[PDB]
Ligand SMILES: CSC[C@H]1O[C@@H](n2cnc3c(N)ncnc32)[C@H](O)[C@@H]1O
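Consider the single chain below, provided in structure tokens and representing the form solved without the named molecule.
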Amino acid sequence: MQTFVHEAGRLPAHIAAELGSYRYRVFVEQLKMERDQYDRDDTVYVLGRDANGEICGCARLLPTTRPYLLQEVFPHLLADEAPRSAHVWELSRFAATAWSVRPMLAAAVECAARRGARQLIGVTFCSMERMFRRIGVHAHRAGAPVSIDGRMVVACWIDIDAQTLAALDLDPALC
């Protein structure tokens, strides 16, 4: 696939409708507009597109110094208080329709790192956690796993270090 990172403020109308539909099909039907209070003008998105230009992946990045999903919707998933630092960004609404997750995560990590992030945190499906592990990034738990309405998830961290950057074929200079 090919990745596209959007971070110029409010999404163009045609992009929002497209992402909204994809997110509806993935998060609603599989697991048309799916959006919550964390979809704002400052929100950063990364979309994956196939050879036909159609969205086949998505991700949402948010600075932890601003309101985020883990912090106010799932605070009980954390062993400790929710992070609030320029060094930590939240990864949410992450999906790919493993060799497909890799590109999406790479674009996600590079963008966050270019923004000062040294770590990523977010509620993660344990099935996705395993794929993160298989890919080789330095992922580790921020809390104990739990099954929410049947789906086992866990607050997960991803360190943006040498290991992670290497596994995603990113510039080692990003730290």
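When you see a residue number, it is the position in the sequence shown, counting from 1.
This next part talks about the form deposited with the named molecule bound, which is not shown.
S.K.: So in the deposited complex, are 45, 114 and 169 all sitting within 4.5 Å of the named molecule, heavy atoms only?
M.R.: No, the whole trio is out of contact, none within 4.5 Å by any heavy atom.
S.K.: Counting only non-hydrogen atoms and a 4.5 angstroms cut-off, does residue 123 reach the named molecule in the deposited complex?
M.R.: Within the cut-off, so yes.
S.K.: With the partner left out of view, is residue 93 within 4.5 angstroms of the named molecule in the deposited complex by any non-hydrogen atom?
M.R.: Yes, residue 93 sits close enough to the named molecule in the deposited complex that at least one of its heavy atoms falls within 4.5 Å.
S.K.: Can you tell me if residue 29 lies within 4.5 angstroms of the named molecule in the deposited complex, counting non-hydrogen atoms only?
M.R.: Outside the cut-off, so no.
S.K.: Should residue 36 be classed as touching the named molecule in the deposited complex when contacts are defined as heavy atoms within 4.5 Å?
M.R.: Answer yes; at least one heavy atom of residue 36 falls within 4.5 Å of the named molecule in the deposited complex.
S.K.: Determine the residues of 63 to 98 with a heavy atom within 4.5 Å of the named molecule in the deposited complex and present them in sequence order; the list may be empty.
M.R.: 69, 73, 74, 93 sit within 4.5 Å of the partner.
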